[PDB]
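Take a look at the letters that make up each chain.
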Amino acid sequence: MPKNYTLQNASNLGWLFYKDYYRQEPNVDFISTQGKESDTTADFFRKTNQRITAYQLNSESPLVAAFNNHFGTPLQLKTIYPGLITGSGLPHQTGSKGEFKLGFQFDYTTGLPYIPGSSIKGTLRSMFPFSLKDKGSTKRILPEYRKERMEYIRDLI
RNA sequence: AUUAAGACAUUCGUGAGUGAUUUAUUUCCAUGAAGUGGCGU
């Protein structure tokens, strides 16, 4: 329940972060200015965040094992500490104290944090010379962009 | 009783066969978890 996400005893992390985050509880107020700055609202959001940040993932996870079976052998890389953020632009904000102000990218079905394939494709393409579209606004930086990226791609290849 | 009388432009016949609303596109850019000591002279 509290840790070890799994599929039998878990709460959908995206559900908790987006739909269940701002559930209306007795004695909890964040409609008024006083309510948004109150300590009760801060405690409510603290408990919700603690519920969010209590789940671990095992290496032998049936979810991850199914992902490996469906999509082949993965490329395993490890996160370093500034942290890692995905889907920062998703609207998640009311104006209260102790709440998560930025968005997060959760899978709808599994609820696990993930990076969409579009994000990976765009990030990888951005380091290639012809990622920038030849347009009126981009034509000033277009030659330098390709010139700089082509050398990088050449050495990497 | 008169170059006259009789005679359906009709029968059969699928607007049907092939076709991916798809290709290209980073929810990203900027941002200090910081500021301050106070009194007992």
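Along each chain, residues carry numbers from 1 upward in sequence order, and these need not match the entry's numbering; residues missing coordinates do not appear. Chains carry letters from A onward and ligands carry numbers from 1 onward, assigned in written order. These chains belong to a larger assembly; the numbers reported describe only the chains shown. Hydrogen atoms and water are omitted, and side-chain values are computed over all heavy atoms in the structure.

- The name the PDB entry gives chain A is RAMP superfamily protein, with Bacteroides fragilis as the organism.
- The PDB lists this entry under the title "Cryo-EM structure of NTR-bound type III-B CRISPR-Cas effector complex".

Here's the deal with the protein's contact with RNA strand B
Here's step 1: Neighbouring residues of RNA strand B: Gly87, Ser88, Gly89, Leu90, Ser118, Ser119, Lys121, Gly122, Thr123, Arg125 and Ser126.
Here's step 2: The nearness test applies per residue and asks whether one of its heavy atoms lies within 4 Å of the molecule or strand. Considering the 4 Å shell around the protein, atoms of RNA strand B inside it are sugar or phosphate in 59% of instances.
Here's step 3: In the environment of RNA strand B, a phosphate oxygen lies 2.8 Å from a nitrogen or oxygen atom belonging to the side chain of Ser88.
Here's step 4: At 2.8 Å from a phosphate oxygen of RNA strand B is found a side-chain nitrogen or oxygen belonging to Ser119.
Here's step 5: Classifying every residue of the surface near RNA strand B by side-chain character gives one nonpolar, eight polar and two charged. Two N or O atoms count as a polar contact when they lie within 3.5 Å, although within protein this holds only if one can serve as hydrogen donor and the other as acceptor, and sequence-adjacent residues are included solely when both atoms are side-chain atoms. Three classes are used: nonpolar for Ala, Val, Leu, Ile, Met, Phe, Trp, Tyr, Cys and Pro, charged for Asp, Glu, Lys and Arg, and polar for all others, with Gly counted as polar.

Examining the environment of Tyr108
Here's step 1: Counting from the N terminus, the helices are DSSP H or I runs at least four residues long and the strands are E runs at least two residues long. By secondary structure assignment, the location of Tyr108 is in the loop between α4 (62-71) and α5 (117-125).
Here's step 2: Under the relative-accessibility criterion, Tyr108 is labelled exposed at 76%.
Here's step 3: Along the backbone, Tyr108 and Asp39 are 69 residues apart, and their C-alpha atoms lie at a distance of 32 Å. Relative accessibility decides the category of a residue: with a 1.4 Å probe and only protein chains considered, values under 20% of the type maximum give buried, values over 50% give exposed, and everything between is partly exposed.

Some remarks on a positive patch on the surface
Here's step 1: Like-charged residues are merged into a patch within 9 Å and nonpolar side chains (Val, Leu, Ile, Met, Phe, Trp, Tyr) within 5 Å, provided each residue has over 30% relative accessible area and no salt bridge. Per-residue and other accessible areas follow the Shrake-Rupley method at a 1.4 Å probe size, with only the shown protein chains counted as cover for residues. In what follows, salt bridge is the name for a side-chain nitrogen of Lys or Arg lying within 4 Å of a carboxyl oxygen of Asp or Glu. The charge count includes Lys and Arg as positive and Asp and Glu as negative, but it does not include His or the ends of the chains. Where a charge sits is defined by one atom per residue type, namely NZ (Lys), CZ (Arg), CG (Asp) or CD (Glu). A contiguous patch of positive charge, built from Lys121, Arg125, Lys133 and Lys135, is present on the exposed surface.
Here's step 2: Structurally, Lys121 can be placed in helix α5.

With respect to the packing of aromatic side chains
The relation between two aromatic rings is expressed through the spacing of the ring centres and the mutual angle of the planes.
Here's step 1: Each pair of aromatic rings taken from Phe, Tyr and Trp, with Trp reduced to its six-membered ring, is defined by centres within 6.5 Å and is described as stacked if the planes are under 30 degrees apart, edge-to-face if over 60, and tilted in the remaining cases. Counted under the stated rule, the structure contains 15 aromatic pairs.
Here's step 2: When the centroid spacing of 5.9 Å and the interplanar angle of 50° are considered together, the rings of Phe17 and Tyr21 count as tilted. Taken individually, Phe17 and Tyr21 each receive the classification buried, so the pair is uniform in this respect.
Here's step 3: By way of ring pairs, the aromatic residues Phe17, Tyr18, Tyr21, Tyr22, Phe30, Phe44, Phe45, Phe100, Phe104 and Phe106 are connected into one cluster.
Here's step 4: Remark: a charge is flagged as sitting over a ring if the NZ atom of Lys or the CZ atom of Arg is within 6 Å of the ring centre and within 35 degrees of the ring normal. Here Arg149 stacks its cationic end above the ring of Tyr145, 3.7 Å away from the centre of that ring.

Overview of a nonpolar patch on the surface
Here's step 1: A cluster of nonpolar side chains, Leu84, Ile115, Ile120 and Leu124, forms an exposed patch at the surface whose accessible area comes to about 370 Å².
Here's step 2: Here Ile115 shows up in the loop between α4 and α5.
Here's step 3: Classification of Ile115 by relative accessible area gives partly exposed; the value is 43%.

Brief notes about the nonpolar core
Here's step 1: Buried residues of nine kinds, namely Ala, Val, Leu, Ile, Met, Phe, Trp, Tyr and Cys, make up a nonpolar core once their side-chain atoms join them within 4.5 Å. Residues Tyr5, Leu13, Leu16, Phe17, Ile52, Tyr55, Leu63, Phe106 and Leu112 constitute the largest nonpolar core, which totals nine residues.
Here's step 2: Here this core takes three residues from helix α1 (residues 13-18), the largest share from any one element.
Here's step 3: Only heavy atoms enter the contact rule, under which two residues are in contact if any of them lie within 4.5 Å. Not counting chain neighbours up to four residues away, the residues in contact with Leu13 comprise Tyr5, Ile52, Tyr55, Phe106, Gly111 and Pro113.
Here's step 4: If you look at the next biggest cluster of nonpolar residues, it comprises six residues, including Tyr21, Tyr22, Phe30 and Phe44.

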